[PDB]
Protein chains: 2
Amino acid sequence: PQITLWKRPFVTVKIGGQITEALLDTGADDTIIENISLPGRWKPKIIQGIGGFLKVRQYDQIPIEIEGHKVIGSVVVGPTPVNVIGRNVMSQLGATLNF
Amino acid sequence: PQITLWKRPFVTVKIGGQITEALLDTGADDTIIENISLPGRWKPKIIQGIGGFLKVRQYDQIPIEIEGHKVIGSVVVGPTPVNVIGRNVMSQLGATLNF
């Protein structure tokens, strides 16, 4: 789709057999989604949380569907004020900024 | 232009007769630029900072040129880890996310 920027650019996300929503955030390198369970092996990852560093999980090679478009990418599972789709997954979508 | 998302989407910004760069950040409502002087009137603005509420300046009706495109918009002048072009100004440029 074409997403205008007149409001926060939230998108429907299907991941881990669940439907949620997340913000398309070109200011974020990584994708972070809270309160979803993902299968298999993860790697430790540090994010800045409320208070200090939080130790959370990074899952690789995860199928994600964003507004109906299927990609595979890395997802951080951890506390976040809002779910965020970062540039890692947007680049897998072939997403571009245009003006 | 068309900007891909494999790397941080920085753009050249001409504002207050100065040249700087800033990050196109669809996760940010407001545009915030450090260490520029803007002419005339601003309205006092409070933002969350490290340690404080930070008292910064909101300037309205500021000419800004981004990758050579000329718009008018609102700019917050205040401390920021990276200069950010938010959705307010991206909406003035007519920027869209596309995939």
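We use all heavy atoms of the structure for the numbers below, so side chains are in, but hydrogens, waters and symmetry mates are not. Here is how names work: the chains are called A, B, and so on, in the same order as the sequence lines, proteins then strands, and each is numbered from 1.
The same ILVMFWY cluster, assembled from side-chain heavy atoms under 4.5 Å apart, contains both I85(B) and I62(B). Note on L23(A) and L5(A): separate hydrophobic clusters, where clusters join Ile, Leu, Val, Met, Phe, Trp and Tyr whose side-chain heavy atoms are under 4.5 Å apart, directly or indirectly. A continuous path of hydrophobic side-chain contacts links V89(B) to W42(B) [ILVMFWY only; heavy atoms under 4.5 Å].
In terms of heavy-atom proximity, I3(B) sits nearest to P9(B) at CG2-CB, 3.9 Å. Here the closest heavy-atom approach between residue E67(A) and residue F10(A) is recorded as OE2-O, 4.4 Å. Heavy-atom minimum distance, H69(A) versus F99(B): CE1-O, 3.0 Å.
Listed by chain and residue number, nothing satisfies the side-chain hydrogen bond (donor to acceptor under 3.5 Å, both in side chains) test with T12(B) (two or more places apart in sequence, or in another chain).
Contact of the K55(B) side chain with the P44(B) side chain is registered, since non-hydrogen atoms from C-beta on lie closer than 4.5 Å. Considering only heavy atoms from C-beta on, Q58(A) stays 4.5 Å or farther from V56(A) through its side chain. When side chains are defined from C-beta on, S37(A) does not count as touching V77(A), because their heavy atoms never get closer than 4.5 Å. Annotation: side chain of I32(B) is in contact with side chain of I47(B) (closest heavy-atom distance under 4.5 Å). Considering only heavy atoms from C-beta on, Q92(A) stays 4.5 Å or farther from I72(A) through its side chain.
Each of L24(A), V11(A), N98(A), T4(A) was evaluated against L97(B); a single residue qualifies, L24(A), per the side-chain contact (heavy atoms from CB on, under 4.5 Å) test. Each of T26(B), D29(B), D30(B) was compared with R87(B) under the side-chain hydrogen bond (donor to acceptor under 3.5 Å, both in side chains) criterion, and only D29(B) meets it. No option in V13(B), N83(B), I33(B) other than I33(B) meets the side-chain contact (heavy atoms from CB on, under 4.5 Å) test with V75(B).
In this structure, the side chain of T31(A) engages the main chain of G86(A) through a donor-acceptor pair within 3.5 Å. In this structure, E34(B) contributes its side chain and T80(B) its backbone to a donor-acceptor pair below 3.5 Å.
For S74(B) and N88(B), the side-chain atoms include no donor-acceptor pair closer than 3.5 Å.
Here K14(B) contributes atom NZ and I36(B) contributes atom CD1; the two are 13.5 Å apart, rounded to the nearest 0.5 Å.
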